[PDB]
């Protein structure tokens, strides 16, 4: 950071702990305390700026109630599901987890153990956990909070391009002529990327900013064209624009002919509910919901021709004139368009289709993989990309886009992990929604949650999560830095080291992996999630977790532990303690006796190197403020799939979508289909849920910071003033928000930053005293299994 020999503070670089923007910060330390952070002037993402959350990073680790000791439910001197929590030692906590996991593995097997992880894990935490479950316990029941977030984007990428994550980058914000926000609230949710859109718009005022949303929020304060549309009608609007492009003869014939093919997907695919729900019994195509057939351009044009202006304007409530203004930006071949979307497209019961359908617009016009012409899916968490998606900490995944169902992918993971053939389970395990259902049903019985607060974050708390966690057939372990409602619903709570109390890596929304050193020591006996996974692996011999016919294939593993197999395997332990930079602590390298993070990262990086996902050498990331993959011959890649920018693209081609075997991207014909639950006479409002600028997620870190808590103390129900008048409400009056599943209590805000149309309310989810996920429905896109938290039906009742 600084060359100086006279600062009394030690300043070091790190990525921000919060959003997927991935601002670089510098962090000042003295006497084991972070006393300040600043935006890093040398970081390209943010060039010295932060938002209010990044400016209060110096306070997030110092809530007075940080967890410092393992806490286990006990009564009469032993573990008891009904006991209250008591302090125990690490050895006692692990002894109990060991007894519980072993009992369950023996009686039920690996489909009855699981983990719920995180896009806030460090890259090496995610990788170590994926190894422990998929190669160690041989369970694919590891899924992350990022299933609630980016799984529709990832499914959309794999279907259109055959490879995950954006092909543009943040340099596109300085080159676009139109920005189209498809429900993203960037002003509050990606504030420094909104600063880059604002600089582009105000400094180059021919630029257009178009914001589409189901309620008015702060992005409308920059919008040239604001569009409020009915929930889920974005599918119809996306087809309207495809139809406009074709109708006005604005298809890029050369690009479409060289570089695309067309498919038509299956429809009537249900809503990812339990199989006995009426919506599932009624659905024709729920059992293979991503199926598609090849069609021609002419069939595609006939398909989208049904989405004409009369039908779309009436369905969406958007005037024809605004539909045409928006479609014209897409169609005009001289306007570079950056399309941006976040949970409005992904937390959507047809979210995978919406992802495909926004790619259609760029593929019809060839506006892709070049500066400013960029369909850019925004990622939420700091490492939903770098950790959950790239490492593959999902129930169907292996690293580097691979899937457990592909026997060549299992063979590659077995080769790199030095496992006997057939170790890796070949069927997808329980994804996030299904994990809560299986906990409720008694089929998932030993469960470990890390770096998330899924009791607060998962939909339908009263019907699935809470009954599942408190089922006496189940033993629930939660690792957290603070008390949370998820830890309160657990049986064993493990105190965890967070952010700069450990060496880390996060990968942001534009493929930038950013490292940090451990800059301070955690309080009390708190230890990293990394240390916990690796230490727990010591408690299991291969005979206890692998079947005999598997061990017979690799008899050298007889008698060894999973710690030996997974972490001390000649690869993960190949960098000695001398490689550790002696200027910083490294608690896990000291505990295990080698450079664990470097060995994990380099073994993990073997999957992507030479296979389109290349990570640079470990040490390069401690030197840089992030590098964007693929890093090839030490050069980062900004635009993927574009000749001259991406070194994997064949000469003479212009573009090559090499994730697909023919090199072509797919354009999909897909329809509008309605939400799982819309308002009716009994529940006449739409409930939309989400976030505000000043709090992160469940608020367990930001609402412990004095300034952030005081900036927005409690959730509220944002309501149209005339809707409040009609219910006999004033601002500040208490209501219940009630659905068919549960209720919560909160006060009405009729003059706040979020101003919904009549019939719709917005409730942010950061307040642990106002559990809005008691009200939401755990319906999902049937393809990505991602929950739609953005619409369901509610009644509002004056208390």
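Residue numbers count along the first chain shown, from 1.
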> What stretch has the higher average Cα B-factor here, 89-97 or 513-521?
Replying inline: 89-97
> Mean C-alpha B-factor higher for 644-652, or for 111-119?
Replying inline: 644-652
>> Looking at the C-alpha B-factor values in the deposited entry, which of 359, 540, 376, 271 comes out highest?
In response: 540
> For the listed 628, 196, 389, 681, which has the peak Cα B-factor recorded in the PDB entry?
Replying inline: 681
> By its CA B factor, does residue 257 count among the lowest, middle or highest third of the modelled residues in the chain?
Replying inline: highest
>> For the chain shown, is the CA B-factor of residue 158 in the lowest, middle or highest third of its modelled residues?
In response: lowest
>> Quick check for you: using the entry's CA B-factors within this chain, is residue 421 in the lowest, middle or highest third?
In response: highest
> Of the three thirds of its chain by CA temperature factor, lowest, middle or highest, which one includes residue 38?
Replying inline: middle
>> Per the entry's values, where does residue 720 land by CA temperature factor relative to the rest of its chain, in the lowest, middle or highest third?
In response: middle
